[PDB]
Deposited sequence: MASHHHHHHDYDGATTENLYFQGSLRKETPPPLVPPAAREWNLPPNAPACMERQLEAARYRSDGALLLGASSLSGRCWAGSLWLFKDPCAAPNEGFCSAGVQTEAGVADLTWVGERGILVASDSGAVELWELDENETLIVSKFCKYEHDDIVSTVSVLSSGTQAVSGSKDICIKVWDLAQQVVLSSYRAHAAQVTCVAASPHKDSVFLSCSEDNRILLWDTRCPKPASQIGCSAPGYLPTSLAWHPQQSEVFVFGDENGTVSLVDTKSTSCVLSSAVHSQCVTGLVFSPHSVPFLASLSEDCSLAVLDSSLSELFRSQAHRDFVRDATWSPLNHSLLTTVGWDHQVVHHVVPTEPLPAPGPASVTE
């Protein structure tokens, strides 16, 4: 009946909290989408602005602008759910079943008109959000696509990573778009750097986070942040951004540009699935977990 496992927390430009969730146990294995105009009233279901029930669990989601929400479904579908004119409803635009297994990762491209999905079917697809079709289908990997992260400013560049131990730098301008960026353990999470469009960070299943420059695939700086897998990495909105890394070790850390630890939060009792920094207060960081918690952190800056 209800979805206890919170999968995604996403703050839009004004400061309204987005909430993706799934029931990964019990009689029903369905999912839900929630909007909270009052972030402190989360995850209380009756203290929300809008909500919707989905037929399958929410593995991933992204803000397609300020009204739209792109969803990676267990059913093998990419879904677009847009807020109504009043922002008190969430309605389906498309539910496209083009992937043959759990869609687990999603990222909207720079123009906001294209997006890239990464499924357990090993494929990577590029979508036209307006045309509601798959522009290109890519079987470049050998195992499950763990993470797909679209470039901040380039609409044809993005990073993907997989259980086949590869990190592919994509640029759809080339006839062979993918390119392996080496340097170990399996890549689990990708985060593009906001200022250096040629720098990015990635987390492996051994709790280690590594700082990687596309240019030279050598000298690369890294640190052991967590004890278990690194499920996510999100950079702060600051001009000089802080990196928040979440993990299966039920902890959250905030690190500087030299990877030193500035914050550590053990408030979570289950897996930490998402982190979103406040558009209003840049030292306020929100983390949803599998324990149904929403925990609002005050990062010491």
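Peer 1: Need the unmodelled segments of the deposited chain, numbered from 1, in order.
Peer 2: Counting from residue 1, the stretches without coordinates are 1-49, 233-235, 354-366.
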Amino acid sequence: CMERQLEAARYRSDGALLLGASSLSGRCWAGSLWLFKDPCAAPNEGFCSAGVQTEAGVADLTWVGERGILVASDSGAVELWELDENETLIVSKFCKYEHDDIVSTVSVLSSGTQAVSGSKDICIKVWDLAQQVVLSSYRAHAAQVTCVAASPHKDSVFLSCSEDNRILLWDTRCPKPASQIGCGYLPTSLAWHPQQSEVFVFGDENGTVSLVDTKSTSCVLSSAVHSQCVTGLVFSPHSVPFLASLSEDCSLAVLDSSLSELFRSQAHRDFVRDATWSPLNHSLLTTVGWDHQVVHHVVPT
From here on, numbers count along this sequence of modelled residues.
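Peer 1: If you average the Cα B factors in the entry, which is higher, 243-251 or 35-43?
Peer 2: The entry gives the higher C-alpha B-factor average to 35-43.
Peer 1: Check the entry's C-alpha temperature factors for 217-225 and 149-157, then say which stretch has the higher mean.
Peer 2: Higher of the two, by average CA B-factor, is 217-225.
Peer 1: Which has the highest CA B-factor per the PDB entry: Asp100, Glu82, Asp164, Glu205?
Peer 2: Comparing C-alpha B-factors across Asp100, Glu82, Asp164, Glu205, the top value belongs to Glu82.
Peer 1: With respect to the C-alpha temperature factors reported in the PDB entry, which of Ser189, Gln131, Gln144, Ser104 ranks highest?
Peer 2: If I rank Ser189, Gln131, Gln144, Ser104 by C-alpha B-factor, first place goes to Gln131.
Peer 1: Among the chain's modelled residues, which third holds the C-alpha B-factor of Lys125?
Peer 2: CA B-factor rank for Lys125: lowest third.
Peer 1: Splitting the chain's C-alpha B-factors into thirds, which one does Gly184 fall into?
Peer 2: Bottom third by C-alpha B-factor.
Peer 1: Would the CA B-factor of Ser111 place it in the lowest, middle or highest third of its chain?
Peer 2: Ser111: CA B-factor falls in the middle third of its chain.
Peer 1: If you rank the chain by CA B-factor, which third does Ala59 end up in: lowest, middle or highest?
Peer 2: Answer is middle: the recorded C-alpha B-factor places it there.
Peer 1: Please place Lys96 in the lowest, middle or highest third of its chain by C-alpha B factor as given in the entry.
Peer 2: Within its chain, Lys96 is a highest-third residue by C-alpha B-factor, going by the deposited values.
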